């Protein structure tokens, strides 16, 4: 099993655009904003449960800065095809700062062992797929100054 995650962050129901992120006003940041993330997954094991942890990180100069602003973990089930979409809802996120940018990272970890890593034909490790791209605009929230 070898899969891929793609992510698209959403704020106030606005999806980050492929080349544009999603913008929030300084006042909205101060009030708190509802953040969600849609994970497009492929090559997961059909019908299997995955523990998905998402983090929102401050990003500057192409790196995450400090500990995540928020983290959320929940369980999802993979579609019958092993490909599909899951939506993580972070709730209202506070403390995003004017003029700063934030990025969503996601990691999916199968509840069951599904990967043979030593070659004895027995599954010994979870399938783990992750999307942790600090420069991915589709995962990026930008707060106006």
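Numbering follows the first chain given and starts at 1.
Here 109 to 117 and 57 to 65 are compared by their mean Cα B-factor, and 109 to 117 comes out higher. In this entry, 118 to 126 shows the higher mean Cα temperature factor of the pair 7 to 15 and 118 to 126.
Residue-level inspection of the entry shows that, of 32, 84, 91, 43, 43 has the top Cα B-factor. Among the modelled residues of its chain, residue 137 has a C-alpha B-factor that falls in the highest third, as given in the PDB entry.
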